[PDB]
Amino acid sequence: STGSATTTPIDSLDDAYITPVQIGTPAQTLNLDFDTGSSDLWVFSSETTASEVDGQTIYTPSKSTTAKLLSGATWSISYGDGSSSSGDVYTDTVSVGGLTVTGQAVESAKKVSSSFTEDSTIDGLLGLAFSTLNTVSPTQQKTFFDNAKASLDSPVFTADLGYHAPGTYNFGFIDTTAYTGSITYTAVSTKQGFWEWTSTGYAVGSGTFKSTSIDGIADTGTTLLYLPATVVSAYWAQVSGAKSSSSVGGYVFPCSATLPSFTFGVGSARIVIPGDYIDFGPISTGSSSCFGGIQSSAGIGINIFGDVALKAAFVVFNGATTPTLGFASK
């Protein structure tokens, strides 16, 4: 089997991407944030505290003839931005782009933190990291991908995120029309539950490539590119007036600037992130100070190849017995 679904930016900055997902019978379509940095499929629901729901579409398990309470199961997750959610668990039929999994754990939120409530466009998350990170207790549950894997034509999914435009998540096949040149594959460590890999270096603009190992995760659920402070300083030093602002919480730059590209290495190959991709716009409405799309990972504890990096590439998440990651230009 295969599936193919379009993923769409939630706003004009590409802060996140949503993909429609069918849950239950008859189908209830929710727009979920596909997140290769976590492993829970959770949704706003009829059980979510009413004051914490603001415009989201909810899953109502009592209206699904295939929903079954997973008795005794609870979940609770925190994310890197300090947001969180928790609740109980149903199993139900879940379909993405024509690919169906029966008996998928659908984690129903009883509580969500303010950032989720405030984002009307995201109805939940669909985790695509390794199932070892799944938070369901006392019986850990499998991701949608893990459940689908054995049935797929090939045990892979691909992320093809757009810059200020829709893109595609495919399951079970590689669309050879969706990228230019070849796909370069690179080793993955699953020890921390993430799609963790090692970039071979970077360049700023037209500058010389610096060969240096940068361990990090491929994370569709993180907006920005978070790299070591040395690398990030070298980038922003090429932008007149750019500075790290403790008050704002990262590098800012004059909105009048023209940003250089940023290249990262994948083996001997190179992925170029255009300068425009690194612009996240005014820090507040009407400001002439703009927020940078490349930020320091210092304090996070890991480097994160988030959407800023991934949307410059066609990315293969290869879930074969020994997982790997592939990157192609597009």
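Residue positions are given as counts along the sequence shown, with the first one as 1.
Once you work out the mean C-alpha B-factor for both 297-305 and 267-275 from the entry, which is higher?
-> Comparing 267-275 with 297-305, the higher average CA B-factor belongs to 297-305.
Higher-B stretch (mean Cα B-factor, as the entry records it), 19-27 or 316-324 | That would be 316-324.
Between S199, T230, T74, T158, where does the Cα B-factor run highest in the record?
-> Answer for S199, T230, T74, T158: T74, with the highest C-alpha B-factor.
According to the deposited entry, which of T223, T143, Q238, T190 has the largest Cα B-factor?
-> By C-alpha B-factor in the record, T190 ranks first.
Would the CA B-factor of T57 place it in the lowest, middle or highest third of its chain?
-> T57: CA B-factor falls in the middle third of its chain.
In terms of the chain's CA B-factor thirds, is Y251 lowest, middle or highest?
-> Within its chain, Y251 is a lowest-third residue by C-alpha B-factor, going by the deposited values.
Sorting the chain's CA B-factors, does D215 end up in the lowest, middle or highest third?
-> Within its chain, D215 is a middle-third residue by C-alpha B-factor, going by the deposited values.
Select lowest, middle or highest to describe the third in which the CA B-factor of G82 falls within its chain in this entry.
-> Its C-alpha B-factor, which the entry lists for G82, ranks in the highest third among residues of this chain.
Classify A234 as lowest, middle or highest third according to the C-alpha B-factor given in the PDB entry, relative to its own chain.
-> Lowest third, going by the recorded CA B-factors of the chain.
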